[PDB]
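Only one chain comes next, encoded as structure tokens, the form deposited in one PDB entry.
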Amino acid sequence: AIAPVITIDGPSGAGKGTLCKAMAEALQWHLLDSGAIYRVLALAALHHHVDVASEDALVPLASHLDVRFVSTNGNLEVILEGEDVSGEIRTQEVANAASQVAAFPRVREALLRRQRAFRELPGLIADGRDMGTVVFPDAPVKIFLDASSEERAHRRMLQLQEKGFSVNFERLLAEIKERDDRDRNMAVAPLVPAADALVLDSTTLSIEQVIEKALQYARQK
């Protein structure tokens, strides 16, 4: 007793986000956005003066987390413990922590069941860095979008350039390069594609083409 899926994962900046809003739009498939979750988890950790450094304090917060996602409106507002926090989880600090919050074995666990319960007819698209390596290791579909460092950098340090912020290519470069040698050497929660994941790059690829591509693989299998 279960419904179909998909597993569009990959590193930040890869544009796996907007890709999902098609997978899920053209298909009307429940769009599960992970990253956010952690981002709320981290936020909640922050305001709850919970020591995001202490793995011995990030599991309770998770296993009783009040985080849900809106329906079909303008885009997708994430809600927390009773109030909206979209713009706040998209902060340039919440992530530094949301990067800490997701680097602990037990964390994921408590977040685990909280995710697997997202599946439902017809299907559930899943943005993330592991929707195959762990959560949906049975998803007929398994896309793994990817993008170089210099580029994924642009794909961000620029994406926020016309959003009223200041940032330098040099920094964010290092910043993402950092998470890589982290996410990589990471032990658990690597970032390597699912042994049957369609490795799909997008550096010199267009977003209109990634969609194009992706979908091809979709209904196919």
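Here the rigid core means the biggest group of C-alpha atoms that line up within 1.5 Å when the two forms are laid on top of each other. Just count from 1 along the sequence shown to find any residue number.
Across the two stretches, 91-99 and 67-75, the PDB entry reports the greater mean Cα temperature factor for 67-75.
The stretch 5-13 shows the higher mean C-alpha B-factor when 5-13 is compared against 197-205 in the entry.
In this entry, the residue among 132, 122, 128, 82 with the greatest C-alpha B factor is 122.
Ranked by C-alpha B-factor against the other modelled residues of its chain, residue 54 falls in the middle third. Looking at the C-alpha B-factors along this chain, the one for residue 112 belongs to the middle third.
Looking at the C-alpha B-factors along this chain, the one for residue 34 belongs to the lowest third. In this PDB entry, residue 184 carries a Cα temperature factor that places it within the highest third of its chain's modelled residues. Compared with the other modelled residues of the chain, the Cα B-factor recorded for residue 171 ranks in the middle third.
Omitted from view is the form deposited in another entry, to which the following refers.
Once the two forms are fitted on their rigid core, between this form and the one not shown the CA displacement reaches 2 Å or more only for 101 among 141, 145, 125, 101. Remark: with the core as the superposition reference, the CA shift of residue 44 between this form and the one not shown reaches 2 Å or more. Taking the rigid core as fixed, one finds a CA shift for residue 31 smaller than 2 Å between this form and the one not shown.
After superposing the rigid core, the Cα of residue 79 is displaced by 2 Å or more between this form and the one not shown. Look at residue 42 and residue 12: in the other entry their Cα atoms move 3 Å or more farther apart than in this form. Compared with the form shown here, the Cα atoms of residue 13 and residue 51 move at least 3 Å farther apart in the other entry.
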